[PDB]
Amino acid sequence: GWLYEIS
Amino acid sequence: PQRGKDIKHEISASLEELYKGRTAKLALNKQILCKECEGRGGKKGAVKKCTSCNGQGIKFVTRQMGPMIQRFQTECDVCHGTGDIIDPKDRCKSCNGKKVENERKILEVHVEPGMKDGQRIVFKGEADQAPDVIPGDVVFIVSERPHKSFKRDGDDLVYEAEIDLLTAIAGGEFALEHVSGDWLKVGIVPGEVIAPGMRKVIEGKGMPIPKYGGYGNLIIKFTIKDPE
Ligand SMILES: [Zn+2]
Ligand SMILES: [Zn+2]
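Residues numbered from 1 in each chain as written, not as in the entry; some residues may be left out. Chains lettered and ligands numbered in written order. Heavy atoms only, no water.

The name recorded for chain B in the PDB entry is Mitochondrial protein import protein MAS5, from Saccharomyces cerevisiae. The UniProt entry for chain B carries the following text under Function: "Probably involved in mitochondrial protein import. Is also required for efficient translocation of pre-pro-alpha-factor. Involved in heme regulation of HAP1, as a component of the high-molecular-weight (HMC) complex." (UniProt positions renumbered as here; feature names shortened; annotations may be inferred.)

Chemist: Please give an account of the pattern of salt bridges that cites residues and values.
Modeler: Taken as a whole, this structure holds 14 salt bridges over all chains when the rule is applied. Across the pair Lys148(B) and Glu177(B) runs a salt bridge whose closest N-O atoms are separated by 3.3 Å. Taken together, the residues span a long stretch of sequence, with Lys148(B) in the loop between β7 (138-144) and β8 (151-153) and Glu177(B) in strand β10 (residues 175-177) at a distance of 29 residues. You can call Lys148(B) exposed: its relative accessible area is 65%. You can call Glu177(B) partly exposed: its relative accessible area is 35%. Linked through salt bridges whose partners overlap, the residues forming this network are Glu5(A), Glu17(B), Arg22(B) and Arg145(B). (Salt bridge = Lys/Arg side-chain N within 4 Å of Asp/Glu carboxyl O. Helix = DSSP H or I, 4+ residues; strand = E, 2+ residues; numbered from the N terminus. Buried < 20%, exposed > 50% of the residue type's maximum accessible area, 1.4 Å probe, protein only.)

Chemist: Got a sec to walk through the side chain of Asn29(B)? Specific residues and values, please.
Modeler: With respect to the element layout, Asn29(B) can be found in strand β2 (residues 22-33). Residue classification places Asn29(B) among the buried positions, given a relative accessible area of 10%.

Chemist: A description of the pairing of strand β6 (residues 120-123) of chain B should follow, citing residues and the corresponding values.
Modeler: Put simply, side chains in a regular strand alternate between the two faces of the sheet. Residues and elements named next belong to chain B. Taking every second residue as pointing to the same face, the buried face of β6 carries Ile 121 and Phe 123, while none of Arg 120 and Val 122 on the other face is buried. Across 4 bridges, β6 lies against β7 in antiparallel orientation. Paired with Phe 123 across the bridge in β7 is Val 138. (Pairing = 2+ DSSP bridges.)

Chemist: Residue-level account of the coordination of the zinc ion (ligand 1), with values.
Modeler: Residue and element names in this part refer to chain B. Of the protein atoms, only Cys 50 (SG), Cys 53 (SG), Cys 76 (SG) and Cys 79 (SG) coordinate the zinc ion (ligand 1), at distances of 1.4 Å. Metal-centred angles of 103 to 118° between the 4 donor atoms at the zinc ion (ligand 1) mark the site as tetrahedral. Read from N- to C-terminus, the donor residues coordinating the zinc ion (ligand 1) fall into the pattern C-x2-C-x22-C-x2-C. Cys 50 sits in the buried class, given a relative accessible area of 6%. The buried category is assigned to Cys 53, whose relative accessible area is 3%. (Donors = N, O, S within 2.8 Å, 3.2 Å for Na, K, Ca; no water. Tetrahedral: all angles 85-135°; square planar, octahedral: opposite > 155°, others 65-115°.)

Chemist: Which residues make up the UniProt feature "binding site: Zn(2+) 2" in chain B, and what are the values?
Modeler: All names here are of chain B. Sequence positions flagged by UniProt for "binding site: Zn(2+) 2" are, in local numbering, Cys 50, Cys 53, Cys 76 and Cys 79. Their sequence span is 30 residues, while the largest C-alpha to C-alpha distance among them is just 7.8 Å; these annotated residues converge on one region. One can find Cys 53 in the loop between β2 and β3 (59-64). Excluding residues within four positions of it along the chain, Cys 53 makes contact with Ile 58, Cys 76, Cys 79 and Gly 83. Positionally, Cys 79 belongs in the loop between β4 (68-73) and β5 (100-111). Among residues more than four places away in sequence, those in contact with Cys 79 are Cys 50, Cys 53, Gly 57 and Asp 84. (Contact = heavy atoms within 4.5 Å.)

Okay, structure coming up:
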């Protein structure tokens, strides 16, 4: 699992 | 019975951001259970346990040479990586038998005003999942971005101000830019500031307080210069 910020 | 590993993600924030608080829409990409499966691997009540391997696609063979060795043997007859299932077409299509798929969901993490660096915000059960595992958590950890004017100490703000020898000896105005767009003028009386180690303390001018409210102080430090 990995993430990133929207906008 | 097998907890899934957590996903730790730190979120940066400027001191001014942790000042008014912030909200961030985060995109989580993780392994999820096959939807047209519900994790089953096949049709409701189709998949069958591996007889040749009462669990995983594992079998143990014991060959000899000098000494006797227990050589773990994989592919269990009609299994391996999946000690079960079988039946040509009772399997997904949306998961082809791998029981899991990708999912992109959005989480909105609210960084509340006054949140310290290293602070944790736990999202229960949102971590990756696999058939058998209790998915772990998605843990965000607030990371305090470096600042070009302030240093944080608990709930206060430490500010090193460069003042002229003249200002310090005769007294006078002086101004700085608070984490809150507001500009702050500070007045000091003659001599007040020249002592070694001197620190000026200004009431509630230094950061929001997590449990309660109000704010900490703005501790000022002085660097005195005189040309020529
Ligand atoms: Zn098997
Ligand atoms: Zn499936």
